[PDB]
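Undergrad: Quick one: the structure is below, and I'll ask about it shortly.
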Amino acid sequence: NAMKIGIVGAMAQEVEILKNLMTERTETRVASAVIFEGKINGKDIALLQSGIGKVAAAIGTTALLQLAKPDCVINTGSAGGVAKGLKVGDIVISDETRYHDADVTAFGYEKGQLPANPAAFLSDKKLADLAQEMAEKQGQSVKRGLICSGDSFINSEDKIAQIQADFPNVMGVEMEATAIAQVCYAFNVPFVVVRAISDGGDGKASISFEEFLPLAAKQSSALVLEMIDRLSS
Amino acid sequence: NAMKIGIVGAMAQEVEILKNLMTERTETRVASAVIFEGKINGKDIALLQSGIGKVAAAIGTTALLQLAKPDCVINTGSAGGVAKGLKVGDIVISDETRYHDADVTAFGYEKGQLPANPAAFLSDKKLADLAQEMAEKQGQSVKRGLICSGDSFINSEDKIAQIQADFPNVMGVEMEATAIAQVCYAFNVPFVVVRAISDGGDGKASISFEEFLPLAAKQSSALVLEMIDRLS
Ligand SMILES: Nc1ncnc2[nH]cnc12
Ligand SMILES: Nc1ncnc2[nH]cnc12
Ligand SMILES: N[C@@H](CCS)C(=O)O
Ligand SMILES: N[C@@H](CCS)C(=O)O
């Protein structure tokens with residue numbers, strides 16, 4: 001079997017571009033997850049449409065890894081840009097992922113850390129470097145750092161500040177990345193976030209998100225398609 | 001073809017009583033999850049030790065349903081008792097589960113609701129009724145109602161107050177019940193929470209938990225054993 005790239009998006013809109021380019025595409029529904037398998041530019045792809053949130057992402061990534069057994073997982077889609085300088089369309093790549101809504105400090109764990117897991121899931125160095133390299137060659141504005149996940153859509157300066165008080169270096173926020181990373185950590189599969197900004201996570205985040213989710217999916221998908229051509233075996 | 005009962009606990013202490021009563025026992029490790037298969041009093045059992053939290057419970061429950069295909073799922077273990085009158089060792093049965101830490105109200109979803117999911121997962125009425133029948137039959141103190149899950153160990157009166165402000169009827173809090181319910185909902189498998197109080201989720205919760213987690217595991221597991229014997 002040749003290399004198989006795993007790609008995960010939460011919403012239909014986040015996987016629509018990659019999905020519509022796959023040939024010999026098969027569709028398998030497992031509980032709340034839809035897995036597409038087929039080829040893009042002669043490369044085997046397993047594309048997961050998980051649904052929104054930590055548990056939907058965990059169900060779908062578990063089903064993806066058990067059914068398609070991809071060699072790596074790239075989390076594509078939209079994200080809230082919390083770091084200064086981020087604009088809608090900008091690419092955000094994860095160095096690491098942490099939950100902004102997990103708290104077992106009552107037993108000495110670091111904030112965001114769940115028992116039996118590292119406080120931070122370290123993203124795959126080689127995938128993250130490839131994403132930033134392809135992004136620079138494409139001339140796409142790109143930023144690399146901490147992605148914080150939680151079962152919340154961040155839509156206020158107060159909520160942004162609460163997250164920054166716990167995770168000062170937080171670059172982007174979304175609702176599945178850390179959950180996908182936890183599943184990939186547990187199955188020992190290389191993982192990286194390659195998303196694009198749809199909003200600033202502030203009081204105008206819901207309007208911005210509705211207006212720029214397509215842009216974020218297009219910019220995110222263009223970088224992932226570039227990574228697909230480079231990843232061979 | 002014979003009925004297979006799925007049982008889920010997050011911690012080793014929450015599943016050890018049931019693990020130690022299984023015969024013809026096999027052990028399978030899938031990622032962060034441990035699944036024991038075998039029998040208790042001649043009944044087929046699939047027992048999952050998932051690990052703590054929503055994602056660990058989701059990985060584990062997904063693996064459990066795909067591997068063992070149990071006919072139902074019972075979540076055993078401990079919980080913070082927030083409803084008035086709850087004492088360590090009391091049984092809490094779920095009528096429904098809701099995330100106290102989910103918020104997509106920015107798009108008009110109900111507080112605690114994730115898109116493509118009901119705002120609350122309705123527990124299986126026949127399993128909850130059986131749990132309350134068996135509990136009352138053994139003079140076991142029992143309360144039935146809303147269990148709220150979150151990736152947090154509740155350890156202060158303020159955190160309880162904020163959860164109660166969002167979910168006024170919250171009876172108990174824990175970290176996996178709603179995640180297991182979401183997986184069981186997605187796979188269309190009947191589900192119910194049958195846990196026991198280890199603390200009050202207040203400033204003393206961590207110390208109480210350390211002393212009463214074992215009592216909670218013993219009372220929860222004792223009731224799940226009564227359920228196993230009656231199910232068919
Ligand atoms: N502001 C935000 N909060 C959470 N997830 C998001 N995905 C895109 N924007 C987001
Ligand atoms: N206070 C608490 N918070 C979360 N999970 C618990 N399990 C038992 N007690 C708990
Ligand atoms: N399902 C929502 C987005 C939640 S992240 C919407 O379509 O607007
Ligand atoms: N590590 C804790 C339990 C996790 S909440 C303990 O040993 O009591």
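Quick note on naming: the chains in the structure tokens go A, B, ... in the order shown, residues restart at 1 in each chain, and ligands are numbered from 1 in order of appearance.
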Could you name the residues that touch residue 164 of chain B at 10 Å or less, counting only C-alpha atoms, but leaving out those on the same chain fewer than 6 positions away, as a PyMOL selection string?

TA: chain B and resi 82-83+100+148+158+170-171

Undergrad: Looking only at the backbone, which of the residues in segment 34-188 of chain B does DSSP tag as strand (DSSP E or B), as a ChimeraX atom specification?

TA: /B:34-40,43-49,72-81,91-99,103,121-122,142-149,152,170-174

Undergrad: Can you build me a table of chain A residues sitting at most 8 Å from ligand 1, with the closest atom pair per residue and its distance in Å to one decimal, using only C-alpha atoms and all ligand atoms, sorted by chain and residue number, as a Markdown table?

TA:
```
| residue | atom | partner | partner_atom_place_in_ligand_line | distance |
| --- | --- | --- | --- | --- |
| A:78 | CA | ligand 1 | 8 (C) | 4.8 |
| A:79 | CA | ligand 1 | 8 (C) | 3.6 |
| A:80 | CA | ligand 1 | 9 (N) | 3.7 |
| A:81 | CA | ligand 1 | 9 (N) | 7.4 |
| A:149 | CA | ligand 1 | 4 (C) | 7.6 |
| A:150 | CA | ligand 1 | 4 (C) | 7.6 |
| A:151 | CA | ligand 1 | 4 (C) | 7.9 |
| A:152 | CA | ligand 1 | 4 (C) | 5.8 |
| A:153 | CA | ligand 1 | 3 (N) | 3.6 |
| A:154 | CA | ligand 1 | 3 (N) | 3.9 |
| A:155 | CA | ligand 1 | 1 (N) | 5.6 |
| A:173 | CA | ligand 1 | 4 (C) | 5.4 |
| A:174 | CA | ligand 1 | 5 (N) | 3.3 |
| A:175 | CA | ligand 1 | 5 (N) | 5.0 |
| A:197 | CA | ligand 1 | 8 (C) | 7.0 |
| A:198 | CA | ligand 1 | 8 (C) | 5.7 |
| A:199 | CA | ligand 1 | 9 (N) | 5.5 |
| A:200 | CA | ligand 1 | 1 (N) | 6.3 |
| A:201 | CA | ligand 1 | 1 (N) | 3.6 |
| A:202 | CA | ligand 1 | 1 (N) | 7.1 |
| A:205 | CA | ligand 1 | 1 (N) | 5.6 |
| A:206 | CA | ligand 1 | 1 (N) | 7.4 |
| A:209 | CA | ligand 1 | 9 (N) | 6.1 |
| A:213 | CA | ligand 1 | 8 (C) | 7.8 |
```

Undergrad: Quick one: residues within 12 Å of residue 75 of chain A, only C-alpha atoms counted, chain neighbours fewer than 4 positions away excluded, as a ChimeraX atom specification?

TA: /A:5-11,14-15,46-50,57,61,79,92-94,97,123-124,127-128,131,147,174-181,184,190-196,217,220-221,223-224

Undergrad: Could you produce a table of the residues of chain A lying within 10 Å of ligand 2, with the nearest pair of atoms per residue and their separation in Å rounded to one decimal, using only C-alpha atoms and all ligand atoms, ordered by chain and increasing residue number, as a Markdown table?

TA:
```
| residue | atom | partner | partner_atom_place_in_ligand_line | distance |
| --- | --- | --- | --- | --- |
| A:103 | CA | ligand 2 | 4 (C) | 9.6 |
| A:104 | CA | ligand 2 | 4 (C) | 8.5 |
| A:106 | CA | ligand 2 | 1 (N) | 9.2 |
```

Undergrad: Would you save the residues of that selection, restricted to C-alpha atoms, as a PDB file, in the first residue's frame?

TA:
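Once written, selection26.pdb looks like this:
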```pdb
ATOM      1  CA  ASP A 103      -9.310  21.830  34.224  1.00  0.00           C
ATOM      2  CA  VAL A 104      -8.062  19.072  36.576  1.00  0.00           C
ATOM      3  CA  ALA A 106      -7.652  20.133  41.665  1.00  0.00           C
TER       4      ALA A 106
END
```

Undergrad: Considering only C-alpha atoms and all ligand atoms, state which residue in the set B:186, B:5, B:68, B:10 is at the smallest distance from ligand 4.

TA: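 Counting only C-alpha atoms and all ligand atoms, the residue closest to ligand 4 is B:10.
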
Undergrad: With only C-alpha atoms and all ligand atoms counted and 12 Å as the cut-off, give the residues of chain B in contact with ligand 3, each with its shortest interatomic distance in Å and the pair that gives it, as CSV.

TA:
```
residue,atom,partner,partner_atom_place_in_ligand_line,distance
B:102,CA,ligand 3,5 (S),11.7
B:103,CA,ligand 3,4 (C),10.0
B:104,CA,ligand 3,4 (C),6.6
B:105,CA,ligand 3,4 (C),9.2
B:106,CA,ligand 3,4 (C),8.1
B:107,CA,ligand 3,8 (O),5.8
B:108,CA,ligand 3,2 (C),8.8
B:109,CA,ligand 3,2 (C),8.8
B:113,CA,ligand 3,4 (C),11.1
B:114,CA,ligand 3,4 (C),8.7
B:115,CA,ligand 3,1 (N),6.2
B:116,CA,ligand 3,1 (N),8.5
B:117,CA,ligand 3,1 (N),11.3
```

Undergrad: Near chain A, meaning an atom within 10 Å, which residues of chain B appear when counting only C-alpha atoms? Write them as a PyMOL selection string.

TA: chain B and resi 30-33+51-63+66+99+101-107+111-117+150-156+175+178-180+182-188+203-207

Undergrad: What does the distance from atom CA of residue 166 of chain A to atom CA of residue 121 of chain A come to in Å, to one decimal?

TA: 16.4 Å

Undergrad: Which residue is closest to residue 77 of chain A? Choose from A:138, A:232, A:41, A:219 and count only C-alpha atoms.

TA: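 When distances to residue 77 of chain A are compared using only C-alpha atoms, the smallest one comes from A:219.
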
Undergrad: Taking the DSSP assignment computed from this structure's backbone, write out as a PyMOL selection string all residues of segment 11-50 of chain B that belong to helix (DSSP H, G or I).

TA: chain B and resi 12-19

Undergrad: Find the distance between atom CA of residue 95 of chain A and atom CA of residue 233 of chain A and write it in Å to one decimal.

TA: 24.3 Å

Undergrad: Taking only C-alpha atoms and all ligand atoms into account, which of A:89, A:141, A:136, A:108 comes nearest ligand 4?

TA: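 Of A:89, A:141, A:136, A:108, the one nearest ligand 4, counting only C-alpha atoms and all ligand atoms, is A:108.
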
Undergrad: Atom CA of residue 143 of chain B and atom CA of residue 224 of chain B, how far apart in Å?

TA: 15.3 Å

Undergrad: Considering only C-alpha atoms, return as a ChimeraX atom specification whatever protein or nucleic-acid residues lie within 6 Å of residue 89 of chain B, sequence-local ones (same chain, fewer than 3 positions apart) excluded.

TA: /B:196-197,215-216

Undergrad: Can you write just those residues out, C-alpha atoms, as a short mmCIF file (atom, residue, chain, number, x, y, z; two decimals), in the first residue's frame?

TA:
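So result.cif came out as:
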```
data_model
loop_
_atom_site.label_atom_id
_atom_site.label_comp_id
_atom_site.auth_asym_id
_atom_site.auth_seq_id
_atom_site.Cartn_x
_atom_site.Cartn_y
_atom_site.Cartn_z
CA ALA B 196 -22.41 7.23 42.90
CA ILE B 197 -21.37 10.37 44.82
CA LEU B 215 -17.20 3.80 48.22
CA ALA B 216 -18.68 5.35 45.03
#
```

Undergrad: Measuring atom to atom with only C-alpha atoms and all ligand atoms, identify which of A:23, A:109, A:122, A:72 is nearest to ligand 4.

TA: A:109
